[PDB]
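Undergrad: If it helps, the file is called input_21.csv and holds CSV, C-alpha atoms and all ligand atoms:
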```
chain,number,residue,atom,x,y,z
A,1,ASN,CA,-20.8,49.2,-53.8
A,2,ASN,CA,-18.9,47.7,-56.8
A,3,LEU,CA,-19.4,50.4,-59.4
A,4,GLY,CA,-15.7,51.0,-60.5
A,5,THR,CA,-15.9,54.7,-59.3
A,6,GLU,CA,-14.7,54.5,-55.7
A,7,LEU,CA,-11.6,56.2,-54.4
A,8,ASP,CA,-8.4,54.3,-54.1
A,9,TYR,CA,-6.5,54.8,-50.9
A,10,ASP,CA,-3.2,53.4,-52.2
A,11,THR,CA,-3.1,56.1,-54.9
A,12,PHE,CA,-1.2,59.3,-53.8
A,13,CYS,CA,-1.4,62.5,-55.9
A,14,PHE,CA,1.2,65.2,-55.3
A,15,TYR,CA,-0.5,68.5,-54.5
A,16,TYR,CA,0.9,72.0,-54.2
A,17,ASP,CA,-0.9,74.7,-52.1
A,18,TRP,CA,1.4,77.6,-52.9
A,19,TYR,CA,-0.7,79.4,-55.5
A,20,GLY,CA,-2.0,82.8,-54.7
A,21,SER,CA,-4.2,85.7,-56.0
A,22,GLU,CA,-3.8,89.4,-55.3
A,23,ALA,CA,-7.3,89.5,-53.7
A,24,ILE,CA,-6.9,86.6,-51.2
A,25,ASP,CA,-3.1,86.4,-50.7
A,26,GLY,CA,-1.8,89.9,-51.6
A,27,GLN,CA,0.0,88.8,-54.8
A,28,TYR,CA,-0.5,86.2,-57.5
A,29,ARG,CA,1.9,83.9,-55.7
A,30,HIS,CA,3.7,81.2,-57.8
A,31,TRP,CA,1.8,82.3,-60.9
A,32,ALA,CA,4.6,84.9,-60.7
A,33,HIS,CA,8.0,83.1,-60.3
A,34,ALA,CA,11.7,83.7,-60.7
A,35,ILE,CA,13.3,82.3,-63.8
A,36,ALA,CA,16.2,80.1,-62.8
A,37,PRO,CA,19.7,80.9,-64.1
A,38,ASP,CA,21.4,78.2,-66.2
A,39,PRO,CA,23.6,76.2,-63.8
A,40,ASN,CA,26.1,75.7,-66.7
A,41,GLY,CA,25.6,79.2,-68.2
A,42,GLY,CA,28.2,81.5,-66.5
A,43,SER,CA,28.2,84.7,-64.6
A,44,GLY,CA,26.1,87.9,-64.9
A,45,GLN,CA,22.9,86.1,-65.8
A,46,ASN,CA,19.9,88.3,-65.0
A,47,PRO,CA,17.2,85.7,-66.0
A,48,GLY,CA,14.4,87.8,-64.7
A,49,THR,CA,11.0,86.8,-63.5
A,50,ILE,CA,7.7,85.7,-64.9
A,51,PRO,CA,5.2,88.4,-63.6
A,52,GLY,CA,2.1,86.2,-63.0
A,53,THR,CA,-0.2,88.5,-65.0
A,54,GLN,CA,-3.1,86.9,-66.8
A,55,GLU,CA,-1.1,86.8,-70.0
A,56,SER,CA,2.2,85.5,-68.5
A,57,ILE,CA,2.2,82.8,-65.8
A,58,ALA,CA,4.9,80.5,-64.6
A,59,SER,CA,3.8,77.5,-66.6
A,60,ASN,CA,3.9,76.2,-70.1
A,61,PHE,CA,0.2,75.3,-69.7
A,62,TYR,CA,-2.7,77.3,-68.5
A,63,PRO,CA,-5.1,76.3,-65.7
A,64,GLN,CA,-8.9,75.9,-66.5
A,65,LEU,CA,-9.5,77.5,-63.1
A,66,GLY,CA,-7.2,80.5,-63.9
A,67,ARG,CA,-4.7,82.1,-61.6
A,68,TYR,CA,-6.4,80.6,-58.5
A,69,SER,CA,-5.6,80.8,-54.8
A,70,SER,CA,-4.9,77.7,-52.9
A,71,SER,CA,-6.6,79.5,-49.9
A,72,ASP,CA,-9.9,79.9,-51.8
A,73,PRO,CA,-12.4,77.4,-50.3
A,74,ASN,CA,-14.3,77.4,-53.6
A,75,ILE,CA,-11.2,76.3,-55.5
A,76,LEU,CA,-10.5,73.7,-52.9
A,77,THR,CA,-14.1,72.3,-53.4
A,78,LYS,CA,-13.4,72.0,-57.1
A,79,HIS,CA,-10.1,70.4,-56.6
A,80,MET,CA,-11.7,67.7,-54.3
A,81,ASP,CA,-14.3,67.0,-57.0
A,82,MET,CA,-11.4,66.6,-59.5
A,83,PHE,CA,-9.8,64.1,-57.1
A,84,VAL,CA,-13.1,62.2,-56.9
A,85,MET,CA,-13.2,62.1,-60.8
A,86,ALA,CA,-9.6,60.8,-60.9
A,87,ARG,CA,-10.4,58.2,-58.1
A,88,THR,CA,-7.2,59.4,-56.3
A,89,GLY,CA,-8.0,58.9,-52.6
A,90,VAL,CA,-4.9,60.5,-51.1
A,91,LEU,CA,-3.7,64.1,-51.5
A,92,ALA,CA,0.0,64.2,-50.8
A,93,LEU,CA,0.5,67.8,-49.6
A,94,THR,CA,3.7,69.7,-50.2
A,95,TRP,CA,5.0,70.9,-46.8
A,96,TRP,CA,7.7,73.6,-46.5
A,97,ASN,CA,7.6,74.4,-42.7
A,98,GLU,CA,6.7,78.0,-43.4
A,99,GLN,CA,5.6,78.6,-39.7
A,100,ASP,CA,3.0,81.2,-40.6
A,101,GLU,CA,-0.6,81.6,-40.2
A,102,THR,CA,-1.4,81.6,-43.9
A,103,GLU,CA,0.1,78.0,-44.1
A,104,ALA,CA,-1.8,76.8,-41.1
A,105,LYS,CA,-5.0,78.2,-42.5
A,106,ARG,CA,-4.6,76.6,-45.8
A,107,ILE,CA,-3.8,73.2,-44.4
A,108,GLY,CA,-7.0,73.3,-42.3
A,109,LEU,CA,-9.0,74.3,-45.3
A,110,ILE,CA,-7.6,71.5,-47.4
A,111,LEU,CA,-8.3,68.9,-44.7
A,112,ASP,CA,-11.9,70.2,-44.3
A,113,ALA,CA,-12.5,70.2,-48.1
A,114,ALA,CA,-11.0,66.8,-48.5
A,115,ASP,CA,-13.2,65.2,-45.8
A,116,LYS,CA,-16.4,66.3,-47.5
A,117,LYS,CA,-15.4,64.0,-50.4
A,118,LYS,CA,-13.8,61.2,-48.3
A,119,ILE,CA,-10.3,62.2,-49.6
A,120,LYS,CA,-7.4,61.7,-47.3
A,121,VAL,CA,-4.3,63.9,-46.8
A,122,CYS,CA,-0.8,63.0,-46.1
A,123,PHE,CA,2.3,65.2,-46.0
A,124,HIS,CA,5.2,65.5,-48.5
A,125,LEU,CA,8.1,66.8,-46.4
A,126,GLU,CA,10.1,69.2,-48.5
A,127,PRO,CA,13.8,70.3,-48.1
A,128,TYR,CA,13.1,73.2,-45.9
A,129,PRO,CA,16.1,75.3,-44.5
A,130,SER,CA,18.3,73.3,-42.0
A,131,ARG,CA,16.1,70.3,-42.2
A,132,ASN,CA,17.5,67.5,-40.1
A,133,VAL,CA,16.3,64.5,-38.2
A,134,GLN,CA,15.6,66.4,-35.0
A,135,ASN,CA,13.5,69.1,-36.5
A,136,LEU,CA,11.9,66.5,-38.7
A,137,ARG,CA,10.9,64.6,-35.6
A,138,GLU,CA,9.5,67.8,-34.0
A,139,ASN,CA,7.6,68.5,-37.2
A,140,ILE,CA,6.2,65.0,-37.5
A,141,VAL,CA,5.1,65.3,-33.8
A,142,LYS,CA,3.5,68.8,-34.6
A,143,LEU,CA,1.7,67.5,-37.7
A,144,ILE,CA,0.3,64.4,-36.0
A,145,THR,CA,-0.7,66.4,-32.9
A,146,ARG,CA,-2.4,69.2,-34.9
A,147,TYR,CA,-4.0,67.1,-37.7
A,148,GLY,CA,-3.8,63.4,-36.7
A,149,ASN,CA,-7.4,63.5,-35.3
A,150,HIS,CA,-8.8,65.2,-38.4
A,151,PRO,CA,-11.1,62.7,-40.1
A,152,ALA,CA,-9.3,63.4,-43.4
A,153,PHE,CA,-5.8,62.6,-42.0
A,154,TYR,CA,-4.4,59.6,-43.9
A,155,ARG,CA,-3.4,56.3,-42.2
A,156,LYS,CA,-2.3,53.0,-43.7
A,157,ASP,CA,-2.9,50.1,-41.4
A,158,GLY,CA,-3.0,52.4,-38.5
A,159,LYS,CA,0.1,54.5,-39.4
A,160,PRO,CA,0.5,58.0,-40.8
A,161,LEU,CA,2.5,58.1,-44.0
A,162,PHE,CA,5.1,60.8,-45.1
A,163,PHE,CA,7.0,61.2,-48.3
A,164,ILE,CA,10.4,62.7,-47.8
A,165,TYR,CA,11.7,64.7,-50.8
A,166,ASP,CA,15.5,64.7,-51.4
A,167,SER,CA,15.9,62.3,-48.4
A,168,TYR,CA,19.5,61.8,-49.7
A,169,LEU,CA,20.4,65.2,-48.4
A,170,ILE,CA,20.5,63.5,-45.0
A,171,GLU,CA,23.0,60.8,-44.1
A,172,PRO,CA,21.8,57.3,-43.3
A,173,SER,CA,23.5,57.5,-39.9
A,174,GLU,CA,21.2,60.5,-39.1
A,175,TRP,CA,18.1,58.8,-40.4
A,176,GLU,CA,18.9,55.7,-38.3
A,177,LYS,CA,18.5,57.8,-35.2
A,178,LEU,CA,14.9,58.6,-36.2
A,179,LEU,CA,13.9,55.5,-38.0
A,180,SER,CA,15.6,52.5,-36.4
A,181,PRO,CA,13.7,51.0,-33.5
A,182,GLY,CA,16.9,51.5,-31.5
A,183,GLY,CA,17.5,55.0,-32.7
A,184,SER,CA,18.4,57.8,-30.3
A,185,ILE,CA,15.2,59.8,-31.2
A,186,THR,CA,13.2,57.0,-32.6
A,187,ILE,CA,9.6,57.3,-33.7
A,188,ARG,CA,9.2,53.5,-33.7
A,189,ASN,CA,6.8,52.2,-31.1
A,190,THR,CA,5.7,55.8,-30.2
A,191,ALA,CA,2.6,57.8,-30.7
A,192,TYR,CA,4.4,59.4,-33.7
A,193,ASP,CA,5.3,56.3,-35.6
A,194,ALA,CA,4.7,56.6,-39.4
A,195,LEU,CA,5.5,55.0,-42.7
A,196,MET,CA,8.5,57.0,-44.0
A,197,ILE,CA,8.9,56.9,-47.7
A,198,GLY,CA,12.2,58.1,-49.0
A,199,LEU,CA,13.2,59.3,-52.5
A,200,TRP,CA,15.0,56.6,-54.5
A,201,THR,CA,17.2,58.5,-57.0
A,202,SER,CA,20.2,56.8,-58.4
A,203,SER,CA,21.6,53.2,-58.9
A,204,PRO,CA,20.9,50.2,-56.8
A,205,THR,CA,24.5,50.0,-55.6
A,206,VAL,CA,23.9,53.4,-53.9
A,207,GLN,CA,20.2,53.3,-53.1
A,208,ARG,CA,19.8,49.8,-51.7
A,209,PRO,CA,22.2,50.3,-48.7
A,210,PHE,CA,20.9,53.9,-48.2
A,211,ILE,CA,17.3,52.7,-47.8
A,212,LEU,CA,18.3,49.8,-45.5
A,213,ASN,CA,20.8,51.8,-43.4
A,214,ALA,CA,18.4,54.7,-43.1
A,215,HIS,CA,15.5,52.4,-42.0
A,216,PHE,CA,12.9,53.9,-44.4
A,217,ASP,CA,9.7,51.9,-44.6
A,218,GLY,CA,9.6,52.4,-48.4
A,219,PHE,CA,10.6,54.5,-51.3
A,220,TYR,CA,9.2,56.6,-54.2
A,221,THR,CA,10.7,58.1,-57.3
A,222,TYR,CA,8.8,61.4,-57.8
A,223,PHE,CA,10.1,62.5,-61.2
A,224,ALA,CA,7.5,62.6,-64.0
A,225,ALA,CA,10.2,62.6,-66.7
A,226,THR,CA,11.2,59.1,-67.7
A,227,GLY,CA,14.9,58.5,-67.5
A,228,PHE,CA,15.7,61.6,-65.4
A,229,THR,CA,17.1,59.3,-62.7
A,230,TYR,CA,17.5,55.5,-62.4
A,231,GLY,CA,14.5,55.5,-60.2
A,232,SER,CA,12.3,57.4,-62.7
A,233,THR,CA,13.2,54.9,-65.5
A,234,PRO,CA,10.2,52.6,-65.6
A,235,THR,CA,12.1,49.5,-67.0
A,236,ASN,CA,13.8,49.4,-63.6
A,237,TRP,CA,10.5,49.1,-61.7
A,238,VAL,CA,10.1,45.3,-61.8
A,239,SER,CA,13.6,44.8,-60.2
A,240,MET,CA,13.0,47.7,-57.7
A,241,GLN,CA,9.8,46.0,-56.6
A,242,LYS,CA,11.5,42.6,-56.3
A,243,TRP,CA,14.1,44.2,-54.0
A,244,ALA,CA,11.5,46.0,-52.1
A,245,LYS,CA,9.5,42.8,-51.5
A,246,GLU,CA,12.7,40.9,-50.5
A,247,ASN,CA,13.6,43.6,-48.0
A,248,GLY,CA,10.1,44.4,-46.5
A,249,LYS,CA,9.9,47.8,-48.1
A,250,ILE,CA,7.0,49.6,-49.7
A,251,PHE,CA,7.7,50.7,-53.3
A,252,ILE,CA,5.5,53.6,-54.5
A,253,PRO,CA,6.6,54.4,-58.0
A,254,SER,CA,5.7,57.8,-59.3
A,255,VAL,CA,3.9,58.2,-62.7
A,256,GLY,CA,3.1,61.4,-64.5
A,257,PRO,CA,1.6,62.6,-67.8
A,258,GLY,CA,4.5,64.5,-69.1
A,259,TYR,CA,7.1,67.1,-68.2
A,260,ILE,CA,8.0,70.6,-69.3
A,261,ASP,CA,9.5,73.4,-67.2
A,262,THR,CA,11.0,75.7,-69.7
A,263,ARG,CA,9.1,78.9,-68.8
A,264,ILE,CA,10.9,78.8,-65.4
A,265,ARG,CA,14.0,76.8,-66.5
A,266,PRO,CA,14.6,77.8,-70.1
A,267,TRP,CA,17.9,75.8,-70.2
A,268,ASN,CA,16.2,72.5,-69.1
A,269,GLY,CA,14.7,71.4,-72.4
A,270,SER,CA,16.4,68.0,-72.4
A,271,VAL,CA,14.0,67.0,-69.6
A,272,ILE,CA,10.9,67.7,-71.7
A,273,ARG,CA,8.6,64.7,-72.1
A,274,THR,CA,5.8,65.2,-74.6
A,275,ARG,CA,2.2,64.1,-73.6
A,276,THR,CA,1.3,62.7,-77.0
A,277,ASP,CA,-2.4,62.9,-76.4
A,278,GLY,CA,-2.1,60.7,-73.3
A,279,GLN,CA,0.1,58.0,-74.6
A,280,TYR,CA,3.0,59.0,-72.4
A,281,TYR,CA,0.8,58.8,-69.3
A,282,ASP,CA,-0.6,55.5,-70.4
A,283,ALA,CA,2.8,54.0,-70.9
A,284,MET,CA,4.2,55.1,-67.5
A,285,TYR,CA,1.0,54.0,-65.5
A,286,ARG,CA,1.0,50.6,-67.3
A,287,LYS,CA,4.7,50.1,-66.2
A,288,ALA,CA,3.8,50.8,-62.6
A,289,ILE,CA,0.9,48.4,-62.6
A,290,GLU,CA,2.9,45.7,-64.4
A,291,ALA,CA,5.7,46.0,-61.7
A,292,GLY,CA,3.1,44.6,-59.2
A,293,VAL,CA,3.4,47.4,-56.6
A,294,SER,CA,1.0,48.0,-53.7
A,295,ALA,CA,0.7,51.7,-54.1
A,296,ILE,CA,1.2,54.3,-56.8
A,297,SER,CA,2.0,58.0,-56.6
A,298,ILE,CA,1.1,60.6,-59.3
A,299,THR,CA,3.4,63.5,-60.2
A,300,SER,CA,1.4,65.7,-60.1
A,301,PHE,CA,-2.0,67.1,-59.4
A,302,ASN,CA,-0.8,70.7,-59.9
A,303,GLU,CA,2.9,71.3,-60.3
A,304,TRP,CA,2.2,73.7,-63.1
A,305,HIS,CA,5.7,75.0,-63.2
A,306,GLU,CA,7.0,71.6,-64.2
A,307,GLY,CA,4.1,70.7,-66.6
A,308,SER,CA,3.4,67.5,-64.8
A,309,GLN,CA,-0.2,68.4,-63.8
A,310,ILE,CA,-3.3,66.3,-64.3
A,311,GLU,CA,-5.4,69.2,-63.2
A,312,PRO,CA,-7.5,70.6,-66.1
A,313,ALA,CA,-5.7,72.9,-68.6
A,314,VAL,CA,-7.3,75.0,-71.4
A,315,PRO,CA,-6.0,76.4,-74.7
A,316,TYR,CA,-4.8,79.9,-74.3
A,317,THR,CA,-2.8,82.3,-76.4
A,318,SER,CA,-2.0,85.7,-75.0
A,319,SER,CA,-0.1,88.6,-76.3
A,320,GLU,CA,2.9,87.3,-74.2
A,321,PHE,CA,2.9,83.5,-74.7
A,322,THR,CA,1.3,80.7,-76.6
A,323,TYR,CA,0.5,78.0,-74.0
A,324,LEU,CA,0.5,74.3,-74.5
A,325,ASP,CA,-2.7,72.5,-73.9
A,326,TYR,CA,-4.3,69.0,-73.9
A,327,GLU,CA,-4.5,69.1,-77.8
A,328,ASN,CA,-6.9,66.5,-79.1
A,329,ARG,CA,-8.1,65.7,-75.5
A,330,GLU,CA,-10.6,67.7,-73.4
A,331,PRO,CA,-9.4,69.6,-70.3
A,332,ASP,CA,-10.5,66.8,-67.9
A,333,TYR,CA,-8.9,64.0,-69.9
A,334,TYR,CA,-6.1,63.4,-67.5
A,335,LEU,CA,-8.5,63.2,-64.6
A,336,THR,CA,-10.7,60.6,-66.3
A,337,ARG,CA,-7.7,58.7,-67.7
A,338,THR,CA,-6.3,58.6,-64.1
A,339,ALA,CA,-9.7,57.0,-63.1
A,340,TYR,CA,-9.2,54.4,-65.9
A,341,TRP,CA,-5.7,53.5,-64.6
A,342,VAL,CA,-6.8,53.4,-60.9
A,343,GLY,CA,-9.4,50.8,-62.0
A,344,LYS,CA,-6.6,48.8,-63.8
A,345,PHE,CA,-4.5,49.1,-60.7
A,346,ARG,CA,-7.3,47.8,-58.4
A,347,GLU,CA,-7.9,45.0,-60.8
A,348,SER,CA,-4.2,44.0,-60.2
A,349,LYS,CA,-4.5,44.2,-56.3
A,350,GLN,CA,-5.6,41.3,-54.1
B,401,LIG,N1,7.9,71.5,-57.1
B,401,LIG,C1,9.3,71.1,-57.4
B,401,LIG,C2,9.4,69.7,-57.9
B,401,LIG,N2,8.9,68.8,-56.8
B,401,LIG,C3,9.6,68.8,-55.5
B,401,LIG,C4,8.9,67.9,-54.5
B,401,LIG,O1,7.5,68.3,-54.3
B,401,LIG,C5,9.7,70.3,-55.0
B,401,LIG,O2,10.6,70.4,-53.9
B,401,LIG,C6,10.2,71.2,-56.1
B,401,LIG,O3,10.0,72.6,-55.7
B,401,LIG,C7,11.1,73.4,-56.2
B,401,LIG,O4,10.8,73.9,-57.5
B,401,LIG,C8,9.6,74.7,-57.6
B,401,LIG,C9,9.5,75.1,-59.1
B,401,LIG,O5,9.3,73.9,-59.9
B,401,LIG,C10,9.8,76.0,-56.8
B,401,LIG,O6,8.7,76.8,-56.9
B,401,LIG,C11,10.1,75.5,-55.4
B,401,LIG,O7,10.3,76.7,-54.5
B,401,LIG,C12,11.2,74.6,-55.2
B,401,LIG,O8,12.4,75.2,-55.6
```
With the file now loaded, output its structure as structure tokens.

TA:
Amino acid sequence: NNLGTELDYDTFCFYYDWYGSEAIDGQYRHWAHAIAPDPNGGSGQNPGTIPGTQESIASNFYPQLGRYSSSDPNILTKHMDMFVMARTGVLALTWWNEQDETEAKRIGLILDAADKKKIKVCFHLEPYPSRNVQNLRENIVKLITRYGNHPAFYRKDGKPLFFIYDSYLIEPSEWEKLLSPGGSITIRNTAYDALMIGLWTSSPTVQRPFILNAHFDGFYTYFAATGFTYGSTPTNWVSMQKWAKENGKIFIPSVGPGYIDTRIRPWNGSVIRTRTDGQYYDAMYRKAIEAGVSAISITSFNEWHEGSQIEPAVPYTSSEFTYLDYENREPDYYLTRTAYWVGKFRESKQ
């Protein structure tokens, strides 16, 4: 078929599975969230917590699906239909190494739901406690062993793909052990080989040797807020892509519809990026496509705390907070606008 509605398997949408309900999970997990103290704001801050009541959730926006559980198979079905509407073929699942049965259950449910709609799942390896290249290898082995034969497990040209958040927290000399073909604990040429996509943060003078010396296969930028880092400044993307191509690396720039996290980080207002009825998203997605990249990542499906979600949101005013909303756009606008941009991206790919 050539309908302009098919999923794109070089489009990765960052997905968070940490939401809970009292009924399914025992508490409205993540809808309730601690408020972060101001890192520049001095001692004796008791910033408190957002309680995750219907009236007061840990987001500046409000989900169409309400305070949902990420473990609810019926929510997962709806999310997969939203991925189909957006044409985003890969769900890039946050992974925190919780080592508990509720995590294991959720991951299986997500894979099962994804497969019904031909969506694929890859893992976004988060900065879990004591993360290092040895336990990363062990965890890559675990994830490929447990999930690699699931029909929804993503592969690109025969290889799994992982995104590694805050990969700069690990020295290149450690990464080399895992990612160089000669490394002491290499995954190269093993059953557990994968495309490893590290997080490009700061200037080229720092990031170019880091990526080369660490032996990453590519890099992504994550942040939805333009200008937050060098990497998340879209006017740098043409030159980042040029360097990537010259050095045999895969650049997967991250695009998002906006940013606002001031319910949970009230001191962080300088990072706010207004959605402007979709114009912000359009500008950022256009820059990614114009850079001539092979793959694009979307921050985010449902990072509700950071206001980067494309998941449907609805107007809501409670006694406790007046939420932002999609304004002159309908709740599914960011899904259907994603589909528009996926089409433009595909038109650009050979
Ligand atoms: N979701 C946050 C932004 N994205 C990165 C990569 O997925 C995450 O590590 C990051 O998580 C931190 O911030 C969340 C609140 O926005 C916390 O709930 C989470 O525990 C973590 O501190």

Undergrad: What residues have any atom no more than 6 Å from ligand LIG 401 (chain B) when counting only C-alpha atoms and all ligand atoms, and can you list them as a PyMOL selection string?

TA: chain A and resi 94+126+165+303+305-306

Undergrad: Could you please determine the separation between atom CA of residue 336 of chain A and atom CA of residue 150 of chain A in Å, to one decimal place?

TA: 28.3 Å

Undergrad: For atom CA of residue 319 of chain A and atom CA of residue 32 of chain A, determine how far apart the two atoms are, in Å to one decimal place.

TA: 16.7 Å

Undergrad: Would you pick out the contacts of residue 85 of chain A at 9 Å or less, using all atoms listed in the file, so that residues sharing its chain but fewer than 5 positions from it are not included, and give the list as a list in words?

TA: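 With the cut-off at 9 Å, the set is residues 5, 7, 80, 332, 335, 336, 338 and 339 of chain A.
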
Undergrad: Between A:314, A:152, A:104, A:82, which has the minimum distance to residue 116 of chain A (counting all atoms listed in the file)?

TA: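 Among the listed residues, the smallest separation from residue 116 of chain A belongs to A:152.
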
Undergrad: Counting only C-alpha atoms, find residues at most 9 Å from (-5.3, 61.1, -55.9) (file frame) and give them as a ChimeraX atom specification.

TA: /A:7-15,82-84,86-92,119-120,297-298,301,338

Undergrad: Could you tell me how far atom CA of residue 38 of chain A lies from atom CA of residue 315 of chain A, in Å and to one decimal?

TA: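 Distance between the two atoms: 28.7 Å.
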
Undergrad: Pick the closest to residue 205 of chain A from A:170, A:65, A:240, A:24: which is it, counting only C-alpha atoms?

TA: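 Counting only C-alpha atoms, the residue closest to residue 205 of chain A is A:240.
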
Undergrad: List the neighbours of residue 252 of chain A out to 10 Å using all atoms listed in the file; skip same-chain residues closer than 2 positions along the sequence, and give me the result as a ChimeraX atom specification.

TA: /A:10-12,163,197-200,218-222,237,241,244,249-250,254-255,288,293-298

Undergrad: Which polymer residues have any atom within 10 Å of an atom of residue 187 of chain A, counting all atoms listed in the file, with same-chain residues fewer than 6 positions away left out, as a PDB file with C-alpha atoms, in the coordinates of the input?

TA:
```
ATOM      1  CA  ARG A 137      10.900  64.600 -35.600  1.00  0.00           C
ATOM      2  CA  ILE A 140       6.200  65.000 -37.500  1.00  0.00           C
ATOM      3  CA  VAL A 141       5.100  65.300 -33.800  1.00  0.00           C
ATOM      4  CA  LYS A 177      18.500  57.800 -35.200  1.00  0.00           C
ATOM      5  CA  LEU A 178      14.900  58.600 -36.200  1.00  0.00           C
ATOM      6  CA  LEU A 179      13.900  55.500 -38.000  1.00  0.00           C
ATOM      7  CA  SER A 180      15.600  52.500 -36.400  1.00  0.00           C
ATOM      8  CA  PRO A 181      13.700  51.000 -33.500  1.00  0.00           C
ATOM      9  CA  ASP A 193       5.300  56.300 -35.600  1.00  0.00           C
ATOM     10  CA  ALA A 194       4.700  56.600 -39.400  1.00  0.00           C
TER      11      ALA A 194
END
```
